[PDB]
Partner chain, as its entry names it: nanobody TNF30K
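Take a look at this one chain, the form solved without its partner chain, written out in structure tokens.
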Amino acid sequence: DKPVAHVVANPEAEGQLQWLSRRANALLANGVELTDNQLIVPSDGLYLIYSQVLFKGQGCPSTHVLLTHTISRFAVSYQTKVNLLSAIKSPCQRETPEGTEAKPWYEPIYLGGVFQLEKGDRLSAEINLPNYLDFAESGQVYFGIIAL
């Protein structure tokens, strides 16, 4: 029936965001393809597209870190890549004051919305700092689409 996918990050693929369809509560059906880490839609139509990432770090260093998460559309007809959904997070305000012990921080980001796509359009869900991802628990990093 509906083109659909819900793929999850490979917890073994450290330092990258490699999507898997091949897990206990993942899905990829009805014409959606996972090719070169992108979700490929099988037909023109409206799609709900969504993704979550979770970042974890230890303490706050001198360089101010900004975490980004973006879902982008490579429109096959126009050979162009456009951002559909995006967000930014700052885990730290100032450096961990020296002498004080660094505590782990956690930052989730969720993105989701409805978009008109064309057959063969390629969707990517990417982050700027993949090593910062946390895969320690299932359900924390995912990427999905639903044809409406």
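Residue numbers count along the first chain shown, from 1.
Just so you know, the form solved in complex with its partner chain exists too; it's not on screen, but the next bit is about it.
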- Query: Taking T70, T80 and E126 together, does each of them reach its partner chain in the bound PDB entry with some heavy atom inside 4.5 Å?
  - Reply: yes
- Message: Taking its partner chain as it sits in the bound PDB entry, is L66 in contact with it (heavy atom to heavy atom, 4.5 Å or less)?
- Response: yes
- Query: Heavy atom to heavy atom, is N10 within 4.5 Å of its partner chain in the bound PDB entry?
  - Reply: no
- Message: Check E137 for me: does it contact its partner chain in the bound PDB entry (non-hydrogen atoms, 4.5 angstroms)?
- Response: yes
